[PDB]
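Structure 1 and structure 2 below are the same protein chain in two forms, each given by itself as structure tokens.
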Structure 1
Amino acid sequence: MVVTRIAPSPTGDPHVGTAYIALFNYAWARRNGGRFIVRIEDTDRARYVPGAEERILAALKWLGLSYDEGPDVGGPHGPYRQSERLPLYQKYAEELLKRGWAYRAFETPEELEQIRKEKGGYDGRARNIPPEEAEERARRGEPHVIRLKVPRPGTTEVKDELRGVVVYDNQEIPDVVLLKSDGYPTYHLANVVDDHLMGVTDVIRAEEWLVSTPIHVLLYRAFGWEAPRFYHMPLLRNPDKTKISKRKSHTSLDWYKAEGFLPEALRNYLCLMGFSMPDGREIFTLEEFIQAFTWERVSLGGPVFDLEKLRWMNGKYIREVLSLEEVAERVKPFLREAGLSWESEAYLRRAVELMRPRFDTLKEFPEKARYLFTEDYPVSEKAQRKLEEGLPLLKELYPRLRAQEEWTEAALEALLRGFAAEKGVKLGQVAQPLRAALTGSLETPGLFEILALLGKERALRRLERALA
């Protein structure tokens, strides 16, 4: 049975790259009838951010990436936070020492810096300390790290399922620190001990880890454990092809959420990162992705995460995938956040229907349609100057609007049509000033549709304030 995992470090905002990796792990497990688990790698007590674990977990659920074992759901092979298994890494590091696969190294940082300058990296000189002397120095409390004792000379072969076999000369592999002087493990020791103990069979992780894999293969060999399959995902990129960064791309999943990106749309977009549908279809469900998933269609080029294409997809979901009523339910949290209320559901629905063709994110709806929910809307400068320029026409028009009995979109259009001809002007010269007066904007949906929406008295009662 296939077992995959996502292994986030709670050191910041939930990263979009974690969702990208999580998605493929979830998909590979589900397509195979297996399990997808969550392991929190939270040993960097220095970078630990309170609430960061919860936000990443919430973010995966927000996107529909349910997991089967984890810190909150529990599971048969926990604990699921590495901060809760510190004793296991120490004991496994001691086991490496006993097999001759690790050694204690006592160099101070000043020494390591001199050696790094002299040799280019740590040269393993502590391997020449008599083992009984190293044990005695450790026993007396001397500070030290436990390093991997790589076979010198030698070679190590690593198979990546998507990229093939790489043969490394052991000279390219340093005697990496496995256990730090504070008793905490390094990533190399913990990933191996935990993937093994949690039963992970398929390790799907970011490209950056690819070159660290021979260290891991050596560790599996050292413990006498069977290595899992390795799949290093193509690099997630900024539009300029550089490795995705917060300096040139929004990377926080909480940002996408707060901005009104629908989880289904963002999830669908992430599916297009390292994958393509056979027929080329770009809009599809999580289940369709799982049913279609195969490693044969994962491009290795490294996908560009494009905010423009994502906004386009969000828009397509808002006006072609969701129903009107569903879009209405979704903007509510955003209207509330903007401190706006709606008279009824019917009105709200109508307001969303009118605006639907004009917004690509849920947050843009309250921003662009504020004048529909509050009598105290903002008037842009550009709308104010158009309003001023056309005030006299509006002043003469006001009487016709008050006398207006038939308050329908079509009667109103005819009124203004009749009025402009009367005044010898084009309809637009009357229309735009009026739009500015009723909405504080020059860009809104159908002027006559809006005019009739609120209602005669409401509409009229708002036009008077423009004449002050």
Structure 2
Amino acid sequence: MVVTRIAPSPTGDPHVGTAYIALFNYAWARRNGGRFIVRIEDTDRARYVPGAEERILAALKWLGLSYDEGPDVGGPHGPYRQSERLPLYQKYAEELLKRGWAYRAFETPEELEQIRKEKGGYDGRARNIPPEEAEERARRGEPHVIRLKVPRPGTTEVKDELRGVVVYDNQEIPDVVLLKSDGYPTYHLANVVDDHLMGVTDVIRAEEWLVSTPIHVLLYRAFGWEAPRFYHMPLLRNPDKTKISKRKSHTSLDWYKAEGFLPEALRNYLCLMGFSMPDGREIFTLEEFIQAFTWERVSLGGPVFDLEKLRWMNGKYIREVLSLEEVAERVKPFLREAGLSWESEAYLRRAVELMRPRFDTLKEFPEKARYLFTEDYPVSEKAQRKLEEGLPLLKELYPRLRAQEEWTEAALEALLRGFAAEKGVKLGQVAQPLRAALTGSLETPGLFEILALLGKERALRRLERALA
């Protein structure tokens, strides 16, 4: 069948590049009723960030993806954390030695740097070490690494399913280290070994790994194993077209969640990075994407991640995809974080409905509608101005208000339209100053609904401090 995987390295915040690549592996596996695996690639203790693993795993779930095998879901080919598979790579690196496909190299990092300077890149000098001598030096405990012994001279063919075949000259492929002197494997060794043993048949990964594939094809040959299909996804870019990075763009999935972006929208946006629906539709579900996916509709240019379009899309989801109640629920954590509370679900729902078309992120809701949940709201200079200018006619409306029994949006509008008429003045001239009295702002939803919302007593109580 079809087995795909995402192999995140726990060395920093959950990366948007990770979600993007994971998204396509998940779809390609589901499209073929296959398996989507999660393998944690923690082979470098130096860059290892404790707690990054749980974070990436939670972020993939948050985004909506589900995996069939992995660290916290089990599976027949675990462990799914490379740090727990060390004896394995060890066993295979040694197998390469016996097959004459690898060799031990004892140079210190300092000599290597010197060799890199003198000849630019390791020159494979350790190949001239007699195997028996290498062995003895290893048995004595002499620190060393195991390197890939590239067949020189020669040529190596790599086949990308989206680009075609690429023929490499073996002189462009280095005798890369497979096993480090601390006993850990390098990405090259572990990736091929683990993909084989886990049964992956479809490697979908970012284009940044394209040139490293020949190294992988050689390893698969060395082991006498069948290579999987390779599909390299174009890299996500910063506005300047360079591979998206932490300083030129927001790459942290935690930032997006913190900013109030809906996972559903972020996911939908990610789908448009390199792919497009047959009919041209832009808003669609994860499940629809899975079902319409095809490599034929994947474009290879490096897509610039447009934060602006994402906000737009996020707003689009909030008002057209999620239900009112779903939006009301998602907005709570942000209200809590803002230190605000709501009277009841009923109140909250109504508040969210009024503001629905006016915020593009969940975080903006407590900011633009703060006056709806606390008296501790700011008053803009322009609002304070409109209020002062309208104080006279507001004083004359107050009594009519406290006299109004039917406190409804229909009645209220009728009461005000009349007041503006009987006063020979445009509605806005009365509406705007009142709006500033109730909201401390001149940018809000409709006055009647805003007026109704709080109820007669509450409204007048606020209108009073403004006239006081």
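Just so we're on the same page, residue numbers count up from 1 along structure 1's sequence. We call the rigid core whatever largest set of C-alpha positions still superposes within 1.5 Å between the two forms.
- The residue among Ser83, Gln90, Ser212, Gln384 whose Cα moves by 2 angstroms or more between structures 1 and 2, once the core is superposed, is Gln384.
- Relative to the superposed rigid core, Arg297 undergoes a CA displacement smaller than 2 Å between structures 1 and 2.
- Annotation: Cα of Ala436 displaced by at least 2 Å between structures 1 and 2, core superposition.
- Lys423: CA moves 2 Å or more between structures 1 and 2 after rigid-core fitting.
- Taking the rigid core as reference, the CA displacement of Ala190 between structures 1 and 2 comes to 0.4 Å.
- Per-residue C-alpha deviation between structures 1 and 2, core superposed: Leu451, 3.9 Å.
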